[PDB]
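Undergrad: Structure: final.cif, mmCIF, C-alpha atoms and all ligand atoms; chains and numbers go by the auth columns.
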data_entry
loop_
_atom_site.group_PDB
_atom_site.id
_atom_site.type_symbol
_atom_site.label_atom_id
_atom_site.label_comp_id
_atom_site.label_asym_id
_atom_site.label_seq_id
_atom_site.Cartn_x
_atom_site.Cartn_y
_atom_site.Cartn_z
_atom_site.B_iso_or_equiv
_atom_site.auth_seq_id
_atom_site.auth_asym_id
ATOM 1 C CA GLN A 1 -18.194 20.477 -7.148 0.00 1 X
ATOM 2 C CA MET A 2 -21.363 19.115 -8.862 0.00 2 X
ATOM 3 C CA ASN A 3 -23.468 16.438 -7.133 0.00 3 X
ATOM 4 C CA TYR A 4 -23.724 13.028 -8.813 0.00 4 X
ATOM 5 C CA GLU A 5 -27.507 12.730 -8.907 0.00 5 X
ATOM 6 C CA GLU A 6 -27.903 15.821 -11.112 0.00 6 X
ATOM 7 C CA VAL A 7 -24.983 14.811 -13.350 0.00 7 X
ATOM 8 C CA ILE A 8 -26.107 11.189 -13.726 0.00 8 X
ATOM 9 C CA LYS A 9 -29.590 12.056 -15.097 0.00 9 X
ATOM 10 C CA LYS A 10 -28.313 14.159 -18.030 0.00 10 X
ATOM 11 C CA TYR A 11 -26.252 11.223 -19.369 0.00 11 X
ATOM 12 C CA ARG A 12 -28.672 8.363 -18.550 0.00 12 X
ATOM 13 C CA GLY A 13 -32.232 9.668 -18.745 0.00 13 X
ATOM 14 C CA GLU A 14 -33.299 6.016 -18.876 0.00 14 X
ATOM 15 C CA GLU A 15 -32.326 2.794 -20.617 0.00 15 X
ATOM 16 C CA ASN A 16 -32.653 0.412 -18.766 0.00 16 X
ATOM 17 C CA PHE A 17 -29.018 -0.791 -18.517 0.00 17 X
ATOM 18 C CA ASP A 18 -27.519 -4.279 -18.146 0.00 18 X
ATOM 19 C CA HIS A 19 -25.676 -5.074 -14.895 0.00 19 X
ATOM 20 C CA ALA A 20 -23.862 -8.140 -16.246 0.00 20 X
ATOM 21 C CA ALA A 21 -21.186 -6.636 -18.484 0.00 21 X
ATOM 22 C CA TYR A 22 -19.893 -3.415 -19.910 0.00 22 X
ATOM 23 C CA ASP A 23 -16.263 -3.036 -20.944 0.00 23 X
ATOM 24 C CA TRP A 24 -14.971 0.410 -21.960 0.00 24 X
ATOM 25 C CA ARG A 25 -11.675 -1.049 -23.206 0.00 25 X
ATOM 26 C CA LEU A 26 -13.603 -2.792 -25.953 0.00 26 X
ATOM 27 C CA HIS A 27 -15.525 0.343 -26.988 0.00 27 X
ATOM 28 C CA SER A 28 -12.736 2.897 -27.415 0.00 28 X
ATOM 29 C CA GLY A 29 -12.768 4.313 -23.859 0.00 29 X
ATOM 30 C CA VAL A 30 -9.581 3.195 -22.121 0.00 30 X
ATOM 31 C CA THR A 31 -6.110 4.258 -23.251 0.00 31 X
ATOM 32 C CA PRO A 32 -3.182 1.904 -22.642 0.00 32 X
ATOM 33 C CA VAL A 33 -1.863 1.254 -19.168 0.00 33 X
ATOM 34 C CA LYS A 34 1.354 2.882 -18.022 0.00 34 X
ATOM 35 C CA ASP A 35 3.960 2.009 -15.375 0.00 35 X
ATOM 36 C CA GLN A 36 4.653 4.338 -12.469 0.00 36 X
ATOM 37 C CA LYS A 37 7.816 2.253 -11.910 0.00 37 X
ATOM 38 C CA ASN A 38 9.129 3.110 -8.463 0.00 38 X
ATOM 39 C CA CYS A 39 7.600 6.484 -7.530 0.00 39 X
ATOM 40 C CA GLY A 40 4.510 6.733 -5.308 0.00 40 X
ATOM 41 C CA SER A 41 2.335 8.408 -7.873 0.00 41 X
ATOM 42 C CA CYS A 42 -0.725 6.231 -8.360 0.00 42 X
ATOM 43 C CA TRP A 43 -2.947 9.221 -7.623 0.00 43 X
ATOM 44 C CA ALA A 44 -1.280 10.867 -10.632 0.00 44 X
ATOM 45 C CA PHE A 45 -1.847 7.914 -12.961 0.00 45 X
ATOM 46 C CA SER A 46 -5.351 7.089 -11.651 0.00 46 X
ATOM 47 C CA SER A 47 -6.451 10.680 -12.087 0.00 47 X
ATOM 48 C CA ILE A 48 -4.974 11.350 -15.558 0.00 48 X
ATOM 49 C CA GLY A 49 -6.261 8.013 -16.806 0.00 49 X
ATOM 50 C CA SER A 50 -9.863 9.022 -16.243 0.00 50 X
ATOM 51 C CA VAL A 51 -9.358 12.264 -18.166 0.00 51 X
ATOM 52 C CA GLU A 52 -7.612 10.454 -21.077 0.00 52 X
ATOM 53 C CA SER A 53 -10.722 8.260 -21.250 0.00 53 X
ATOM 54 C CA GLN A 54 -13.128 11.210 -21.357 0.00 54 X
ATOM 55 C CA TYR A 55 -11.241 12.771 -24.306 0.00 55 X
ATOM 56 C CA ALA A 56 -11.429 9.332 -25.920 0.00 56 X
ATOM 57 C CA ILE A 57 -15.085 8.691 -25.099 0.00 57 X
ATOM 58 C CA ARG A 58 -16.573 12.145 -25.532 0.00 58 X
ATOM 59 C CA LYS A 59 -14.548 13.577 -28.428 0.00 59 X
ATOM 60 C CA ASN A 60 -12.794 10.681 -30.246 0.00 60 X
ATOM 61 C CA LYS A 61 -9.302 12.159 -29.597 0.00 61 X
ATOM 62 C CA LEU A 62 -6.757 9.678 -28.291 0.00 62 X
ATOM 63 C CA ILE A 63 -4.500 11.799 -26.083 0.00 63 X
ATOM 64 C CA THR A 64 -2.087 10.679 -23.450 0.00 64 X
ATOM 65 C CA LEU A 65 -1.152 13.309 -20.887 0.00 65 X
ATOM 66 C CA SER A 66 1.720 13.832 -18.420 0.00 66 X
ATOM 67 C CA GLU A 67 1.446 12.435 -14.927 0.00 67 X
ATOM 68 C CA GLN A 68 5.003 13.762 -14.557 0.00 68 X
ATOM 69 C CA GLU A 69 3.770 17.386 -14.880 0.00 69 X
ATOM 70 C CA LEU A 70 1.170 16.430 -12.308 0.00 70 X
ATOM 71 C CA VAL A 71 3.964 14.915 -10.203 0.00 71 X
ATOM 72 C CA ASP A 72 6.040 18.086 -10.789 0.00 72 X
ATOM 73 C CA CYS A 73 3.269 20.675 -10.308 0.00 73 X
ATOM 74 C CA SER A 74 0.385 19.397 -8.123 0.00 74 X
ATOM 75 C CA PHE A 75 1.111 21.209 -4.851 0.00 75 X
ATOM 76 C CA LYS A 76 -1.975 19.795 -3.138 0.00 76 X
ATOM 77 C CA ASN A 77 -0.073 16.497 -3.420 0.00 77 X
ATOM 78 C CA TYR A 78 3.378 15.124 -2.544 0.00 78 X
ATOM 79 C CA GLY A 79 4.798 13.893 -5.862 0.00 79 X
ATOM 80 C CA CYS A 80 6.286 10.421 -5.288 0.00 80 X
ATOM 81 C CA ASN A 81 5.528 10.590 -1.570 0.00 81 X
ATOM 82 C CA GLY A 82 1.809 10.262 -2.368 0.00 82 X
ATOM 83 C CA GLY A 83 -1.351 12.227 -3.215 0.00 83 X
ATOM 84 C CA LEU A 84 -5.158 12.288 -3.558 0.00 84 X
ATOM 85 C CA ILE A 85 -7.390 11.905 -6.609 0.00 85 X
ATOM 86 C CA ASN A 86 -9.575 14.953 -5.933 0.00 86 X
ATOM 87 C CA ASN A 87 -6.552 17.158 -5.075 0.00 87 X
ATOM 88 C CA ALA A 88 -5.133 16.105 -8.417 0.00 88 X
ATOM 89 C CA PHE A 89 -8.289 17.120 -10.306 0.00 89 X
ATOM 90 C CA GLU A 90 -8.267 20.463 -8.531 0.00 90 X
ATOM 91 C CA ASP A 91 -4.580 21.043 -9.277 0.00 91 X
ATOM 92 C CA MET A 92 -5.296 20.314 -12.917 0.00 92 X
ATOM 93 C CA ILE A 93 -7.853 23.109 -12.962 0.00 93 X
ATOM 94 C CA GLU A 94 -5.476 25.575 -11.270 0.00 94 X
ATOM 95 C CA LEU A 95 -2.752 24.531 -13.730 0.00 95 X
ATOM 96 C CA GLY A 96 -5.331 24.973 -16.489 0.00 96 X
ATOM 97 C CA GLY A 97 -4.660 21.763 -18.392 0.00 97 X
ATOM 98 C CA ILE A 98 -1.897 19.168 -18.687 0.00 98 X
ATOM 99 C CA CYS A 99 0.739 18.538 -21.350 0.00 99 X
ATOM 100 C CA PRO A 100 0.576 15.528 -23.563 0.00 100 X
ATOM 101 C CA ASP A 101 3.217 13.215 -21.954 0.00 101 X
ATOM 102 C CA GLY A 102 4.711 12.954 -25.435 0.00 102 X
ATOM 103 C CA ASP A 103 6.020 16.457 -24.645 0.00 103 X
ATOM 104 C CA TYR A 104 6.373 15.964 -20.892 0.00 104 X
ATOM 105 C CA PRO A 105 7.605 12.366 -20.474 0.00 105 X
ATOM 106 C CA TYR A 106 7.678 10.454 -17.216 0.00 106 X
ATOM 107 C CA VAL A 107 10.843 10.007 -15.162 0.00 107 X
ATOM 108 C CA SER A 108 9.400 8.394 -11.987 0.00 108 X
ATOM 109 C CA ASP A 109 11.469 9.227 -8.860 0.00 109 X
ATOM 110 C CA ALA A 110 14.213 10.958 -10.906 0.00 110 X
ATOM 111 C CA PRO A 111 14.326 14.576 -9.596 0.00 111 X
ATOM 112 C CA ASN A 112 12.563 16.986 -11.949 0.00 112 X
ATOM 113 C CA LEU A 113 11.306 20.584 -12.053 0.00 113 X
ATOM 114 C CA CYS A 114 7.824 21.738 -13.024 0.00 114 X
ATOM 115 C CA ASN A 115 7.518 23.528 -16.364 0.00 115 X
ATOM 116 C CA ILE A 116 3.984 24.608 -17.324 0.00 116 X
ATOM 117 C CA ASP A 117 4.956 26.038 -20.708 0.00 117 X
ATOM 118 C CA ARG A 118 6.651 22.881 -21.965 0.00 118 X
ATOM 119 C CA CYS A 119 3.916 22.319 -24.615 0.00 119 X
ATOM 120 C CA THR A 120 1.940 24.836 -26.695 0.00 120 X
ATOM 121 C CA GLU A 121 -1.356 22.889 -26.321 0.00 121 X
ATOM 122 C CA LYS A 122 -2.711 21.804 -22.899 0.00 122 X
ATOM 123 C CA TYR A 123 -5.637 19.512 -21.996 0.00 123 X
ATOM 124 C CA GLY A 124 -8.192 20.469 -19.326 0.00 124 X
ATOM 125 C CA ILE A 125 -10.956 19.149 -17.095 0.00 125 X
ATOM 126 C CA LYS A 126 -13.920 21.501 -16.494 0.00 126 X
ATOM 127 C CA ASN A 127 -14.931 19.981 -13.163 0.00 127 X
ATOM 128 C CA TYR A 128 -15.133 16.623 -11.440 0.00 128 X
ATOM 129 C CA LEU A 129 -17.811 14.773 -9.475 0.00 129 X
ATOM 130 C CA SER A 130 -17.783 12.103 -6.805 0.00 130 X
ATOM 131 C CA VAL A 131 -19.485 8.809 -7.634 0.00 131 X
ATOM 132 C CA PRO A 132 -21.242 7.298 -4.633 0.00 132 X
ATOM 133 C CA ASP A 133 -19.916 3.855 -3.716 0.00 133 X
ATOM 134 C CA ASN A 134 -23.405 2.363 -3.992 0.00 134 X
ATOM 135 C CA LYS A 135 -23.656 3.375 -7.715 0.00 135 X
ATOM 136 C CA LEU A 136 -20.439 2.344 -9.563 0.00 136 X
ATOM 137 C CA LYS A 137 -21.725 0.108 -12.409 0.00 137 X
ATOM 138 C CA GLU A 138 -24.327 2.812 -13.029 0.00 138 X
ATOM 139 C CA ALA A 139 -21.579 5.440 -13.172 0.00 139 X
ATOM 140 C CA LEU A 140 -19.264 3.443 -15.433 0.00 140 X
ATOM 141 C CA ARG A 141 -22.057 2.539 -17.856 0.00 141 X
ATOM 142 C CA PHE A 142 -23.076 6.124 -18.677 0.00 142 X
ATOM 143 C CA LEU A 143 -20.415 8.486 -17.323 0.00 143 X
ATOM 144 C CA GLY A 144 -17.158 6.626 -18.099 0.00 144 X
ATOM 145 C CA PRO A 145 -14.108 5.107 -16.378 0.00 145 X
ATOM 146 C CA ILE A 146 -13.701 6.055 -12.695 0.00 146 X
ATOM 147 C CA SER A 147 -10.561 7.053 -10.728 0.00 147 X
ATOM 148 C CA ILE A 148 -10.908 5.117 -7.443 0.00 148 X
ATOM 149 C CA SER A 149 -9.136 3.957 -4.246 0.00 149 X
ATOM 150 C CA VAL A 150 -8.425 0.375 -3.039 0.00 150 X
ATOM 151 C CA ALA A 151 -6.579 -1.496 -0.276 0.00 151 X
ATOM 152 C CA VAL A 152 -3.905 -3.376 -2.243 0.00 152 X
ATOM 153 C CA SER A 153 -1.842 -6.262 -0.814 0.00 153 X
ATOM 154 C CA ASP A 154 0.792 -8.944 -1.689 0.00 154 X
ATOM 155 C CA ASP A 155 -1.822 -11.421 -2.917 0.00 155 X
ATOM 156 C CA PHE A 156 -3.042 -8.602 -5.199 0.00 156 X
ATOM 157 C CA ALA A 157 0.486 -8.191 -6.659 0.00 157 X
ATOM 158 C CA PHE A 158 0.829 -11.908 -7.602 0.00 158 X
ATOM 159 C CA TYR A 159 -2.394 -11.702 -9.655 0.00 159 X
ATOM 160 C CA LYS A 160 -1.774 -12.918 -13.245 0.00 160 X
ATOM 161 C CA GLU A 161 -5.154 -13.660 -14.907 0.00 161 X
ATOM 162 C CA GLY A 162 -8.818 -14.311 -14.131 0.00 162 X
ATOM 163 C CA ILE A 163 -11.012 -13.154 -11.254 0.00 163 X
ATOM 164 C CA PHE A 164 -9.152 -12.005 -8.165 0.00 164 X
ATOM 165 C CA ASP A 165 -10.579 -13.398 -4.917 0.00 165 X
ATOM 166 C CA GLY A 166 -7.413 -13.198 -2.760 0.00 166 X
ATOM 167 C CA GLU A 167 -6.495 -11.247 0.397 0.00 167 X
ATOM 168 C CA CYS A 168 -6.870 -7.481 0.959 0.00 168 X
ATOM 169 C CA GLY A 169 -4.939 -4.417 2.138 0.00 169 X
ATOM 170 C CA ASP A 170 -4.898 -3.012 5.673 0.00 170 X
ATOM 171 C CA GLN A 171 -6.190 0.416 4.637 0.00 171 X
ATOM 172 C CA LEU A 172 -7.127 2.210 1.427 0.00 172 X
ATOM 173 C CA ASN A 173 -3.627 2.508 -0.032 0.00 173 X
ATOM 174 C CA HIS A 174 -3.637 2.764 -3.835 0.00 174 X
ATOM 175 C CA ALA A 175 -5.320 4.425 -6.838 0.00 175 X
ATOM 176 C CA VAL A 176 -6.651 2.691 -9.942 0.00 176 X
ATOM 177 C CA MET A 177 -9.327 3.146 -12.619 0.00 177 X
ATOM 178 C CA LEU A 178 -12.578 1.226 -12.974 0.00 178 X
ATOM 179 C CA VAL A 179 -13.014 0.623 -16.702 0.00 179 X
ATOM 180 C CA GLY A 180 -15.852 -1.867 -16.692 0.00 180 X
ATOM 181 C CA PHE A 181 -17.525 -4.929 -15.348 0.00 181 X
ATOM 182 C CA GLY A 182 -18.335 -8.397 -16.549 0.00 182 X
ATOM 183 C CA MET A 183 -19.549 -11.868 -15.780 0.00 183 X
ATOM 184 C CA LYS A 184 -18.475 -15.375 -16.828 0.00 184 X
ATOM 185 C CA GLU A 185 -20.343 -18.595 -16.022 0.00 185 X
ATOM 186 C CA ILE A 186 -18.393 -21.581 -14.593 0.00 186 X
ATOM 187 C CA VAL A 187 -20.177 -24.793 -13.499 0.00 187 X
ATOM 188 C CA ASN A 188 -19.172 -26.535 -10.232 0.00 188 X
ATOM 189 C CA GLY A 189 -23.977 -23.231 -13.442 0.00 189 X
ATOM 190 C CA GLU A 190 -22.575 -20.323 -11.432 0.00 190 X
ATOM 191 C CA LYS A 191 -22.566 -16.742 -12.725 0.00 191 X
ATOM 192 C CA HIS A 192 -19.366 -15.022 -11.534 0.00 192 X
ATOM 193 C CA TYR A 193 -19.540 -11.224 -11.532 0.00 193 X
ATOM 194 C CA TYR A 194 -16.474 -8.951 -11.613 0.00 194 X
ATOM 195 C CA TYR A 195 -15.286 -5.352 -12.038 0.00 195 X
ATOM 196 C CA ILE A 196 -12.392 -4.668 -14.442 0.00 196 X
ATOM 197 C CA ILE A 197 -9.564 -2.550 -12.999 0.00 197 X
ATOM 198 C CA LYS A 198 -6.830 -0.743 -14.928 0.00 198 X
ATOM 199 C CA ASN A 199 -3.602 -0.533 -12.903 0.00 199 X
ATOM 200 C CA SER A 200 -0.470 1.621 -13.179 0.00 200 X
ATOM 201 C CA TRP A 201 2.125 -1.137 -12.759 0.00 201 X
ATOM 202 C CA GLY A 202 2.916 -1.761 -16.398 0.00 202 X
ATOM 203 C CA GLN A 203 1.370 -4.022 -19.011 0.00 203 X
ATOM 204 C CA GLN A 204 3.570 -6.903 -17.820 0.00 204 X
ATOM 205 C CA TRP A 205 1.349 -7.022 -14.714 0.00 205 X
ATOM 206 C CA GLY A 206 -1.860 -9.075 -14.731 0.00 206 X
ATOM 207 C CA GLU A 207 -3.864 -8.977 -17.946 0.00 207 X
ATOM 208 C CA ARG A 208 -1.944 -6.386 -19.954 0.00 208 X
ATOM 209 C CA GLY A 209 -2.027 -4.046 -16.942 0.00 209 X
ATOM 210 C CA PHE A 210 -5.642 -4.739 -15.954 0.00 210 X
ATOM 211 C CA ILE A 211 -7.143 -7.046 -13.289 0.00 211 X
ATOM 212 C CA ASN A 212 -10.581 -8.517 -12.598 0.00 212 X
ATOM 213 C CA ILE A 213 -11.861 -8.310 -9.017 0.00 213 X
ATOM 214 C CA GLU A 214 -14.883 -10.328 -7.847 0.00 214 X
ATOM 215 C CA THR A 215 -18.216 -8.583 -7.254 0.00 215 X
ATOM 216 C CA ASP A 216 -22.000 -9.140 -7.481 0.00 216 X
ATOM 217 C CA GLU A 217 -24.729 -8.319 -10.021 0.00 217 X
ATOM 218 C CA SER A 218 -25.587 -5.023 -8.321 0.00 218 X
ATOM 219 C CA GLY A 219 -21.978 -3.964 -7.936 0.00 219 X
ATOM 220 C CA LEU A 220 -22.624 -3.119 -4.301 0.00 220 X
ATOM 221 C CA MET A 221 -19.900 -5.643 -3.480 0.00 221 X
ATOM 222 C CA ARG A 222 -16.598 -3.752 -3.325 0.00 222 X
ATOM 223 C CA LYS A 223 -13.568 -5.933 -2.616 0.00 223 X
ATOM 224 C CA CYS A 224 -10.704 -4.033 -1.046 0.00 224 X
ATOM 225 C CA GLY A 225 -12.730 -0.846 -0.529 0.00 225 X
ATOM 226 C CA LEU A 226 -12.994 -0.724 -4.326 0.00 226 X
ATOM 227 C CA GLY A 227 -14.087 2.906 -4.654 0.00 227 X
ATOM 228 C CA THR A 228 -14.712 4.078 -1.100 0.00 228 X
ATOM 229 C CA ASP A 229 -13.237 7.048 -2.981 0.00 229 X
ATOM 230 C CA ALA A 230 -14.487 7.447 -6.533 0.00 230 X
ATOM 231 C CA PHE A 231 -14.216 10.390 -8.902 0.00 231 X
ATOM 232 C CA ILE A 232 -14.704 11.001 -12.598 0.00 232 X
ATOM 233 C CA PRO A 233 -13.549 14.123 -14.396 0.00 233 X
ATOM 234 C CA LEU A 234 -16.089 16.038 -16.412 0.00 234 X
ATOM 235 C CA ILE A 235 -14.787 17.753 -19.539 0.00 235 X
ATOM 236 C CA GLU A 236 -18.320 18.507 -20.702 0.00 236 X
HETATM 237 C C1 LIG B . -0.148 5.384 -4.569 0.00 1 K
HETATM 238 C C2 LIG B . 0.870 4.347 -5.040 0.00 1 K
HETATM 239 O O1 LIG B . 1.618 4.679 -5.987 0.00 1 K
HETATM 240 O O2 LIG B . 0.870 3.246 -4.447 0.00 1 K
HETATM 241 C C3 LIG B . 0.511 6.469 -3.717 0.00 1 K
HETATM 242 O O3 LIG B . 1.294 5.866 -2.704 0.00 1 K
HETATM 243 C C4 LIG B . -0.586 7.284 -3.059 0.00 1 K
HETATM 244 O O4 LIG B . -0.678 8.496 -3.238 0.00 1 K
HETATM 245 N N1 LIG B . -1.414 6.580 -2.303 0.00 1 K
HETATM 246 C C5 LIG B . -2.546 7.198 -1.601 0.00 1 K
HETATM 247 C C6 LIG B . -3.560 6.104 -1.251 0.00 1 K
HETATM 248 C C7 LIG B . -4.973 6.535 -1.648 0.00 1 K
HETATM 249 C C8 LIG B . -5.966 5.397 -1.346 0.00 1 K
HETATM 250 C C9 LIG B . -5.046 7.016 -3.114 0.00 1 K
HETATM 251 C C10 LIG B . -2.056 7.869 -0.326 0.00 1 K
HETATM 252 O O5 LIG B . -1.460 7.232 0.545 0.00 1 K
HETATM 253 N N2 LIG B . -2.328 9.166 -0.262 0.00 1 K
HETATM 254 C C11 LIG B . -1.945 10.007 0.883 0.00 1 K
HETATM 255 C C12 LIG B . -0.520 10.529 0.681 0.00 1 K
HETATM 256 C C13 LIG B . -0.398 11.984 1.155 0.00 1 K
HETATM 257 C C14 LIG B . 0.204 12.064 2.569 0.00 1 K
HETATM 258 N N3 LIG B . 1.608 11.609 2.539 0.00 1 K
HETATM 259 C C15 LIG B . 2.647 12.447 2.650 0.00 1 K
HETATM 260 N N4 LIG B . 3.893 11.965 2.613 0.00 1 K
HETATM 261 N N5 LIG B . 2.460 13.761 2.793 0.00 1 K
#
Before we go any further, please render this structure as structure tokens.
TA:
Amino acid sequence: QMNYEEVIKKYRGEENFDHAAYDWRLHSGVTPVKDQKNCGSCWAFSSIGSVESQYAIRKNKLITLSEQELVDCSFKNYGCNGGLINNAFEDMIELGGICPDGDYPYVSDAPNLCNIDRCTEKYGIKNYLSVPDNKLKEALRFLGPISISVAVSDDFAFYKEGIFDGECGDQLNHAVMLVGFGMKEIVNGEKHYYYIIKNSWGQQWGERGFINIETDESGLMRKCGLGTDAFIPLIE
């Protein structure tokens, strides 16, 4: 399954890198948010996001791929009744690529039947690695956006702009992407550090789909278990 410490060194080597801000959105590494509507398929969106990013980052190609197919075909998961990020990545490999949603469009909880050969060209992930929770900003900076868990709550839903510092979920309950991190200074001077999350609740939600959760310079601070689970697909 490839351990992180051997993967990380091939893509970093050295730098040294800045822990204040890096935003993939701004450097052609995050494809637009989507909306899972009603249909418990975050795991599907969180997973396929990270792969869309890698095709963006590591080979130019903008491609958006079908989380429906993944909802229809990932038998290590439970379609709209839930799923897991890893399981998803594995199911992708067994399926041997995913269709570009443009061919295999999303119909949320509307009953649908898997159809592998619904698109001549598929899009694969070679393998996937876990990112350790103590090394997220490091991972983002060199490896790319990260499919990750988080304990979402009501306060989290009413987010609209700025740095979230509200209340947290009961348990890890939702999937999202990490796409970056940043820091703004606001004088009461006080440097305020945050991670940028991409969500799957439509662009109407928060900052065109995204949300900024408070953190620290290191990025050891993880609000709402931010990435107690953390995976990134390798397509290289
Ligand atoms: C995520 C969402 O759309 O909110 C979706 O409910 C989901 O899959 N959530 C995960 C939470 C993790 C932190 C990603 C989840 O609950 N996974 C386990 C579901 C599998 C077991 N459930 C059933 N019904 N077999």
Undergrad: Pick out the closest residue to residue 216 (chain X) from this set: X:163, X:183, X:143, X:8. Count only C-alpha atoms.
TA: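 Among X:163, X:183, X:143, X:8, it is X:183 that comes nearest to residue 216 (chain X).
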Undergrad: Starting from the displayed file, determine the output of the PyMOL selection byres (((chain X and resi 109-121) around 12) and not hetatm) and express the residue list as a ChimeraX atom specification.
TA: /X:36-41,63,65-75,78-82,92,94-108,122-124
Undergrad: May I ask for the distance between CA of residue 49 (chain X) and CA of residue 193 (chain X), given in Å to one decimal place?
TA: 24.0 Å
Undergrad: 10 Å from ligand LIG 1 (chain K) is the threshold here; counting all atoms listed in the file, which polymer residues fall inside it? Answer as a PyMOL selection string.
TA: chain X and resi 36-47+76-86+147-152+171-176+200-201+225-229
Undergrad: I need the residues from that last selection saved to file as a compact mmCIF listing (two decimals), in the coordinates of the input (with C-alpha atoms), if you can.
TA:
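Result file follows (part.txt):
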# COMPACT_ATOMS: atom_id res chain seq x y z
CA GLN X 36 4.65 4.34 -12.47
CA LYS X 37 7.82 2.25 -11.91
CA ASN X 38 9.13 3.11 -8.46
CA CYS X 39 7.60 6.48 -7.53
CA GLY X 40 4.51 6.73 -5.31
CA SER X 41 2.34 8.41 -7.87
CA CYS X 42 -0.72 6.23 -8.36
CA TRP X 43 -2.95 9.22 -7.62
CA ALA X 44 -1.28 10.87 -10.63
CA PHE X 45 -1.85 7.91 -12.96
CA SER X 46 -5.35 7.09 -11.65
CA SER X 47 -6.45 10.68 -12.09
CA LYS X 76 -1.98 19.80 -3.14
CA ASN X 77 -0.07 16.50 -3.42
CA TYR X 78 3.38 15.12 -2.54
CA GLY X 79 4.80 13.89 -5.86
CA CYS X 80 6.29 10.42 -5.29
CA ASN X 81 5.53 10.59 -1.57
CA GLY X 82 1.81 10.26 -2.37
CA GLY X 83 -1.35 12.23 -3.22
CA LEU X 84 -5.16 12.29 -3.56
CA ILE X 85 -7.39 11.90 -6.61
CA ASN X 86 -9.57 14.95 -5.93
CA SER X 147 -10.56 7.05 -10.73
CA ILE X 148 -10.91 5.12 -7.44
CA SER X 149 -9.14 3.96 -4.25
CA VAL X 150 -8.43 0.38 -3.04
CA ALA X 151 -6.58 -1.50 -0.28
CA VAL X 152 -3.90 -3.38 -2.24
CA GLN X 171 -6.19 0.42 4.64
CA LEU X 172 -7.13 2.21 1.43
CA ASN X 173 -3.63 2.51 -0.03
CA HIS X 174 -3.64 2.76 -3.84
CA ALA X 175 -5.32 4.42 -6.84
CA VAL X 176 -6.65 2.69 -9.94
CA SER X 200 -0.47 1.62 -13.18
CA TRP X 201 2.12 -1.14 -12.76
CA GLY X 225 -12.73 -0.85 -0.53
CA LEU X 226 -12.99 -0.72 -4.33
CA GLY X 227 -14.09 2.91 -4.65
CA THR X 228 -14.71 4.08 -1.10
CA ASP X 229 -13.24 7.05 -2.98
Undergrad: Please provide the set of residues having any atom within 9 Å of residue 157 (chain X), restricted to only C-alpha atoms, with same-chain residues fewer than 3 positions apart removed, written as a PyMOL selection string.
TA: chain X and resi 152-154+160+205-206
